[PDB]
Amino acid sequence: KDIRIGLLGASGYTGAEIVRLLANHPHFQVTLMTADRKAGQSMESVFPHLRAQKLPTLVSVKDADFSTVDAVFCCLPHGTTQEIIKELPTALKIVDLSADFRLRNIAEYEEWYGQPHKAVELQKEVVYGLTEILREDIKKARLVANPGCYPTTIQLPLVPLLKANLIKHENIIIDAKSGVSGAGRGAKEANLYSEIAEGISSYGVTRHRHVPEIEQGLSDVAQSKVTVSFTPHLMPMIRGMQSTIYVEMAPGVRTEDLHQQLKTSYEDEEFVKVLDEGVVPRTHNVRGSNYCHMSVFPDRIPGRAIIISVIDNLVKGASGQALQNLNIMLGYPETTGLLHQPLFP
């Protein structure tokens, strides 16, 4: 095909999704795939579900000439991406699914990710990949830092509201949920079927790494420092993500106003659906898709409102959005290869 894709760290779930999504993309084509321990192996022996496809052999990052492709999808772990990306060709449009360029504050990166920022310089040219919000900058960006799943369900619904001054910036409490696929494919005892199902549990209480990402974006729009609470929970399900967002509306504002602002901000946006007031979204309905459904409800507390936002954490919350961004970055229609219908039931 017309476009050769470089996919770093292809043995993980987001890599697998990058392979699945590109499969029905009439333009792009995976020609180079990187893996660490599984190098020197057909991805078939890694992800047999992809057997209908004929892909390249997995090689190590060290053994790969990046002059091989046009654009790069980076799905490597946080803290291993900065020195790699900085050492990549300049004529390469890049979309790293990792969090090594989402935060502009160098010191902030270090305090939350435990080590100095390596590509301090490159950083300032990076655009945050929240498509429906920064589309214009994403279009002309060379390097894009695909957002994190959770932060995606938060900013999309909250940004427009804060921009319209429809909600206060203080006391925003976020109670989020995610399938265990968000934990990755690492062979950890904690993630076994017997340690995930038939029970639920919180995690990342207080100091969760998605906090600065959330607060940054909201601060930009509120033009003031925003401090929130964020308590994610781990579900005995594979795919899906929901954030139950408890906010205080601005003086004199009613849920109807929040609903209208959201409805107006996303009325022509394919991937963001604002449900009719009162309607409850289910992650089941966006599962295996790139869509995000959101709804507005009154809080039993005066002046407060309840926002619910759901996505398939692996798609709109990962590789789906990444593809969405590369699409426009390369000048192709934004929805190319992104119109899969939900796999419900």
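A residue's number is simply how far along the shown sequence it sits, counting from 1.
- For the pair 64 to 72 and 294 to 302, the mean B factor over Cα atoms is greater in 64 to 72.
- Taking the PDB entry as given, 248 to 256 carries the higher mean Cα B factor of the two stretches 176 to 184 and 248 to 256.
- In this structure the maximum Cα B-factor among 280, 39, 307, 315 is found at 39.
- The PDB entry assigns the greatest CA B-factor among 203, 109, 150, 128 to 109.
- The deposited CA B-factor of residue 160 belongs to the middle third of values across its chain.
- For residue 101, the recorded CA temperature factor ranks within the middle third of the chain's modelled residues.
- Among all modelled residues in this chain, the alpha-carbon of residue 320 has a temperature factor (C-alpha) in the lowest third.
- Ranked against the other modelled residues of its chain, the C-alpha B-factor of residue 223 as given in the entry falls in the highest third.
- In this PDB entry, residue 264 carries a Cα temperature factor that places it within the highest third of its chain's modelled residues.
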